[PDB]
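Have a look below at one chain only, the form deposited without spermine (fully protonated form) (SPK), in structure tokens format.
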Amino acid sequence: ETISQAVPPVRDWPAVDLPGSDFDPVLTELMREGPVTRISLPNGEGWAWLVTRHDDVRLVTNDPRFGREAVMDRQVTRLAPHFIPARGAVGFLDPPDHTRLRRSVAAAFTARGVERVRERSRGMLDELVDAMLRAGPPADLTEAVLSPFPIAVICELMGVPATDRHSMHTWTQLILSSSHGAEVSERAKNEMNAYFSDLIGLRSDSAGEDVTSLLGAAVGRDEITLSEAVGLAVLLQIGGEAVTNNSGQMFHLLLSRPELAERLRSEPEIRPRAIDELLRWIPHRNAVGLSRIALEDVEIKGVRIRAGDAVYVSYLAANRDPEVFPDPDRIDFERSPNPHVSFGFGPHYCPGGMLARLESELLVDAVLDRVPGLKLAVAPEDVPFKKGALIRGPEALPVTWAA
């Protein structure tokens, strides 16, 4: 019985700033190589496994045999020189503890929960768009709207005072500053970890609808510890700005394809489905994020993952799975059920998914029908994207309209 292979060599995945929303050439390679591959990233050390197919990604992210808690142990190979989550944040918690932590704020993030901030956010967005309309056609449709809106929405939902929004943005970008943008990221994490400790403890020891009040209440009832509450609050706060990057890519795409743009401009009722397809397609991040450690031996597509080995999943790769999404690279606003995974999978799935969709829907409504014929001020290829980041997106989005 011939001796075959299951030894894909370790392939280096250097830090590379990609153009616009173009797919990562290296990930394409890894995908076709096989369902299970091995990678080496800029920071940390080792060669972690990489899963890329839709079904296997769901398996790894939803199976108790793969944990996050142990990732803190050794120094797994990764993109960021530092680890983003705190030593007790949900990102580094497994089911037992992870479950009661997510349960503490779950009601604030369901479709029903986030719809409660819908109208409030709409007014907030109109104020930003109106201010832009007042300034003048030449505008940066990121600094004017895409950045300020998501920041205001997450701050209002978290219970962060408007006067502190600038601090949140400063710290978040230093932490997600592609991390290799220094490492000054650790001090920024600590400062943010101190801010939320104060907020949760200070004032949030009463009754409010905001998330920090909810967390403070849970801490007071001894349901979760401080630190657990702070760790979760910080990840929610930084994650809230993910909509800036993503919607930036969303509008760059739309403004690059007149066919797609007019259809959304003419058919408002198809916008929710269309936005979900865009979310599937847009390559949200550079490379991969946070791995999981095999807690025991597990076989994936004929490959034995040894206990202790690190394993990454690529949600971007899974969203381009030919088997699940026929003609993966094509943007089809109709799309069958299309269960992408841009918001992750398993216990760690994004708590902000519904909120992100709500924000994107409001942004599209305002940008397409509030601003008279908005359009890119330069060629799609001339739009500058962030070069040295974790979450991909425009550094600036030059636009004009018709006023």
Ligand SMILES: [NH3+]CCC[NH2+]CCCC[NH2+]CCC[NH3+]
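Throughout, we count residues from 1 along the sequence that is shown. We call the rigid core the largest set of C-alpha positions that still match within 1.5 Å between the two forms.
Beyond the structure shown, there is the form solved in complex with spermine (fully protonated form) (SPK), which is absent from this document and is the topic of what follows.
- This form leaves room for spermine (fully protonated form) (SPK): after superposition of the C-alphas round the site, using its pose in the deposited bound form, no atom of it sits within 2.4 Å of a backbone or C-beta atom.
- Remark: none of the three candidate residues (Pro161, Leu199 and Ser204) comes within 4.5 Å of spermine (fully protonated form) (SPK) in the deposited bound form, counting heavy atoms only.
- The contact with spermine (fully protonated form) (SPK) in the deposited bound form, taken as any heavy atom within 4.5 Å, belongs to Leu376 out of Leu376, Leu27, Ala70, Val364.
- Only one listed stretch (368 to 376, 331 to 339, 45 to 53, 32 to 40) carries heavy atoms within 4.5 Å of spermine (fully protonated form) (SPK) in the deposited bound form, and that stretch is 368 to 376.
- Heavy atoms closer than or equal to 4.5 Å to spermine (fully protonated form) (SPK) in the deposited bound form belong, across 75 to 104, to no residue whatsoever.
- In the core-aligned comparison between this form and the one not shown, the C-alpha of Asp205 is the only one from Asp205, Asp297, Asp126, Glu223 that shifts by 2 Å or more.
- With the core held fixed, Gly113 shows a CA shift below 2 Å between this form and the one not shown.
- Residue displacement note: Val160 has its CA displaced by at least 2 Å between this form and the one not shown (rigid core superposed).
- A movement of the C-alpha atom of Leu253 falling short of 2 angstroms is seen between this form and the one not shown when the two forms are aligned on their rigid core.
- The Cα-Cα distance between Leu355 and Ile84 is lengthened by 3 Å or more in the deposited bound form relative to the form shown here.
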